[PDB]
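[1] Coordinates only, no sequence provided:
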RNA sequence: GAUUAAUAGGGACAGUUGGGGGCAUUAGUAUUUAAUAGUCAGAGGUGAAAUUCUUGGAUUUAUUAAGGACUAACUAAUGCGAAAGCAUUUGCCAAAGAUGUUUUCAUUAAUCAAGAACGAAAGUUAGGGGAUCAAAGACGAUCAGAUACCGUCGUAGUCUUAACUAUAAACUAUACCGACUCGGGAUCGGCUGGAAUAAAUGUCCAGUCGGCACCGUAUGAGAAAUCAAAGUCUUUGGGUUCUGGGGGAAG
Ligand SMILES: [Mg+2]
Ligand SMILES: [Mg+2]
Ligand SMILES: [Mg+2]
Ligand SMILES: [Mg+2]
Ligand SMILES: [Mg+2]
Ligand SMILES: [Mg+2]
Ligand SMILES: [Mg+2]
Ligand SMILES: [Mg+2]
Ligand SMILES: [Mg+2]
Ligand SMILES: [Mg+2]
Ligand SMILES: [Mg+2]
Ligand SMILES: [Mg+2]
Ligand SMILES: [Mg+2]
Ligand SMILES: [Zn+2]
Ligand SMILES: [Zn+2]
């Protein structure tokens, strides 16, 4: 019973692909296989934002607080446990560009 | 409606040269007039390396990948 | 870097140039090619500098760049782009003082020029000077440190 | 298809001979004149193939045999300028030798060792042919040292 | 007196293309350490903690330097390589496919016991090197017991010259050459026309050859999962090597 045709990794036309340590655990995982999400968040709770934006010395800031950029790479055990990815029915299992 | 025996021209022209019925090539031969000394020479369509007109030694064509670049004011006609 | 103390206030000379994390990861997008170009140059001022340049593939085709909208430039085109950028910088470096060079470097002049050189090979977007390092700096005579000060 | 590349080697490079066997109408060269040119080129030390190219690009001669009735090599043979070792084998050995050359110096280069194995393989494989078909002396062998002095 | 000239194969040549290989070069932060400045009482680590480190000043901050690795992000159902595998700059060396040919050779080909070239990791021999991790080991914790999962350390190893070794779930678990059977966009590399502009190593459009795939679909296949081959098989024969014959014993 082959489960995935992909077999989980995006890799074809090559023998080998570089291994990445998982953010959460640090387990080595295939760069194709890895669940990778790029995150641009803000360093600060919106309330906290109000508080700081009051006190910003340079008034020449328009959204003059930096965003935090993360390239997040999960091994599978981690990204499942941690709900980044979750179990779906056989038909949906092949759906490719899902979010909102 | 389609007949293999009487294939349509515009179609065969679109097909790859080996996949036509008569298996006919895409190349031509052209008479080229040197911009300077006004000599006429024959040049293969996809010709390899470079061509210099015999009279004045100036450059007529440049090689590529199946195209020849006719350089400058050199005028040409296909021979057929 | 502080070259001099005068009377309770410390004068400084040029040391380096650089970029915020933000302004970098700002510019980094998937589905285009990331070009980087490093150069080593001498001023007539007697400085040895190392300039890192950054550039990105500019999409023309008018869609939203995506998995479908792939923008990559051929590796060879990248190489020609390096060669060209690099060359131009070394030239514009040898003919200028470090005052001149730094002024030009901070501002948008070189980005304009670089786009104009580069465009043949490939259209580029947000050309940037990622960093500048000063490899070898001469000591300043009282004269040149006075001429650096020269403020209007 | 492409010899000794298993898995994916397989594609079609072009040549497609037209239907008309008769030489073209615009062509004014006597077959004799052609044989003259081809032999001049030959004595200049060209290849039957290289001669073919020259006649085709420069001289408006599309197919030499459809003009003369004799293919290029046969012409060369009759008229006595002959390429002693077949152009075919000649190039294969030139190659195997260039690989010898580069390989004596970089002894850690594995790909080139393997490529050499392949090329020599083809050389022997061609030797057998040209031997059984009497185009090569019967005791003729390709060795490193023997073939290196062999006109290549 | 020389059959064509295989949408057979070898060779020539032309513009390319590639994270293929070998030498040199070269960068980049990062870990670790040192130096020089600072400042102080806690750093570490965990589920809590304890081993550790700390006033001889740690962690922390700034600037340099040493030393081994490693090439992030761009990075993809993209590329190359026979496979193993391959990702910084530049230069050199030989090599390669595809495409383009109204070039040349003319069956030179397919597959393959012998016999050979490779072949991750771990491991072995003789030198180097030693920053990071880290089998063994030493300890902390956890536990009824932990010679385990966790933590602090740490040797061989990890890297490198010469050599051995030949093995993997070395995986599409799918032999190679060749035909033929559906549809659709897209993608990487050539080429051919066409179009727009700010006129080009860039766009777009339409062809086509070759790659990696994908999405539909089969009145084709299958025990099914599924498969555009795993189809053209009792309507059973295109060519060729290899392997299996209930389970264990037993590689
Ligand atoms: Mg593997
Ligand atoms: Mg495109
Ligand atoms: Mg074929
Ligand atoms: Mg360093
Ligand atoms: Mg690529
Ligand atoms: Mg040792
Ligand atoms: Mg207890
Ligand atoms: Mg440790
Ligand atoms: Mg065009
Ligand atoms: Mg069956
Ligand atoms: Mg059925
Ligand atoms: Mg399907
Ligand atoms: Mg059968
Ligand atoms: Zn993990
Ligand atoms: Zn002329």
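    That came through, no problem. Numbering: from 1, shown residues only, chains lettered A, B, ... in the order given. Ligands and ions are numbered 1, 2, ... in the order given.

[2] Not including adjacent chain positions, what is the nearest residue to the residue nearest to the spatial centre of chain A?
    By Cα atoms, centre = their mean, chain A has its centre lying nearest to residue A:37, at 2.0 Å. Distances taken as Cβ to Cβ, 6 or more residues apart in numbering or on different chains put residue A:72 closest to residue A:37, at 5.1 Å, once the chain neighbours are dropped. Placement of C-beta: from N, CA and C, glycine included.

[3] need the contact list for the residue nearest to the centre of chain A.
    Contact analysis of residue A:37 by Cβ atoms under 8 Å, 6 or more residues apart in numbering or on different chains lists A:72, A:74, A:84.

[4] where along chain B do the helices fall?
    Taking DSSP state H as the criterion, chain B contains helices spanning B:9-14.

[5] do the same with chain C
    According to DSSP H, the helices that chain C contains are C:21-25, C:75-94, C:98-106, C:109-118, C:142-149.

[6] In which helix or strand does the residue nearest to residue A:37 reside?
    strand A:67-74 (DSSP states H and E).

[7] Which elements pack onto that strand?
    Applying 3 or more Cβ pairs under 8 Å, 6 or more residues apart in numbering or on different chains; DSSP states H and E, one finds that strand A:67-74 makes contact with strand A:35-42, helix C:21-25.

[8] number of nearby residues for residue 63?
    Going with chain A. 8 (other Cβ atoms under 10 Å in any protein chain shown).

[9] nope, chain B
    Residue B:63: 15 neighbours (other Cβ under 10 Å).

[10] Please report the distance of the residue nearest to it when sequence neighbours are not counted from residue B:39.
    Distances taken as Cβ to Cβ, 6+ apart put residue B:49 closest to residue B:63, at 5.2 Å, once the chain neighbours are dropped. Note on residue B:49: its distance to residue B:39, by Cβ to Cβ, to the nearest Å, is 19 Å.

[11] got the helices of chain C as CSV, with distance to RNA strand E and mean neighbour count columns?
    Shown next, in CSV, are the helices of chain C (distance: least, Cβ to the nearest atom of the strand, whole Å; neighbours: other Cβ atoms under 10 Å in any protein chain shown):
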stretch, distance to RNA strand E, mean neighbour count
helix C:21-25, 6, 14
helix C:75-94, 3, 16
helix C:98-106, 16, 17
helix C:109-118, 9, 16
helix C:142-149, 19, 13
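
[12] Could you export the ones you listed to TSV, including columns for distance to ligand 14?
    As requested, those are exported to TSV (distance: least, Cβ to the ion, whole Å):
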stretch	distance to ligand 14
helix C:21-25	23
helix C:75-94	34
helix C:98-106	43
helix C:109-118	42
helix C:142-149	54
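
[13] From the chain's centroid, how far away is stretch A:34-41?
    2 Å (Cα atoms, centre = their mean, to the nearest Å).

[14] typo on my end, stretch A:24-38
    9 Å.

[15] so how far is the first residue of that stretch from its last?
    Distance between the two ends of stretch A:24-38: 15 Å, counting by Cα to Cα, to the nearest Å.

[16] same check, this time on stretch C:114-133
    Stretch C:114-133: ends 20 Å apart by Cα to Cα.

[17] Roughly how far does the residue nearest to residue A:37 sit from ligand 15?
    67 Å (Cβ to the ion, to the nearest Å).

[18] list the contacts for the most centrally placed residue in chain C?
    Chain C has residue C:129 as the residue nearest its centroid, 3.0 Å off, counting by Cα atoms, centre = their mean. By Cβ under 8 Å, 6+ apart, the contact set of residue C:129 is C:17, C:51, C:52, C:53, C:54, C:105, C:110.

[19] same thing with residue A:21?
    Taking Cβ under 8 Å, 6+ apart, we find residue A:21 in contact with A:27, A:28, A:29, A:73.

[20] Quick one: neighbours of the first one, just the number.
    Counted by other Cβ under 10 Å, the residues lying close to residue A:27 total 14.

[21] repeat for the second one
    By the measure other Cβ under 10 Å, the count of residues near residue A:28 is 12.

[22] Give the bridge partners for it, please.
    Taking DSSP bridges as the rule, residue A:28 bridges to residue A:21.

[23] I'd assumed residue A:18 was in contact with it.
    No: applying Cβ atoms under 8 Å, one finds residue A:28 not in contact with residue A:18, separated by 10.0 Å.

[24] returning to what we had before: go ahead and build a PyMOL selection from the buried members of the contacts of residue C:129.
    Listed next is the PyMOL selection for buried residues among the contacts of residue C:129, using 16 or more other Cβ atoms under 10 Å in any protein chain shown:
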select buried, chain C and resi 17+51+52+53+54+105+110
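
[25] Helices along chain A, start to end?
    A:46-55, A:76-81.

[26] separation between residue C:1 and RNA strand E?
    According to Cβ to the nearest atom of the strand, to the nearest Å, residue C:1 and RNA strand E sit 8 Å apart.

[27] Counting neighbours, what do you get for the nearest residue to that residue once chain neighbours are set aside?
    Closest residue to residue C:1 apart from its sequence neighbours, by Cβ to Cβ, 6+ apart: residue C:15 at 4.2 Å. Residues lying near residue C:15 (other Cβ under 10 Å) number 12.

[28] Quick check: phi and psi at residue C:15.
    Main-chain dihedrals, residue C:15, degrees, to the nearest 10: phi -120, psi -60.

[29] on that earlier part again, thinking the residue nearest to residue B:63 is in contact with residue B:60, fair?
    No: checked against Cβ under 8 Å, the pair residue B:49 and residue B:60 is beyond contact range at 11.8 Å.

[30] more crowded one of those two?
    Shown here are residue B:49 and residue B:60; by other Cβ under 10 Å, residue B:60 has more neighbours (24 against 12).

[31] Count the residues that sit near the nearest residue to that one once chain neighbours are set aside.
    Sequence neighbours aside, residue B:51 is the residue nearest to residue B:60 in space, at 4.7 Å (criterion: Cβ to Cβ, 6+ apart). Neighbourhood size, residue B:51 [other Cβ under 10 Å]: 23.

[32] Do I have it right that residue D:88 meets residue D:126?
    Yes: using Cβ under 8 Å, residue D:88 is in contact with residue D:126, at 6.7 Å.

[33] what's the angle from whichever strand in chain C runs longest to helix C:109-118?
    For chain C, the strand reaching the highest residue count under DSSP state E is reported as strand C:124-136. Angle, strand C:124-136 to helix C:109-118, by axes from the mean of the first three to the mean of the last three Cα atoms, to 10 degrees: 120 degrees.

[34] Is strand C:124-136 in proximity to RNA strand E?
    Yes: applying Cβ under 7 Å from any atom of the strand, one finds strand C:124-136 in contact with RNA strand E at C:131, C:133.

[35] correct me, but the residue nearest to residue B:60 touches residue D:57?
    Yes: with contact defined as Cβ under 8 Å, residue B:51 reaches residue D:57; the gap is 6.8 Å.

[36] intersection of neighbour lists for these two?
    Listed as contacting both residue B:51 and residue D:57 by Cβ under 8 Å, 6+ apart are residue B:43.

[37] Just want the phi and psi numbers for residue A:2.
    phi -60, psi 130.
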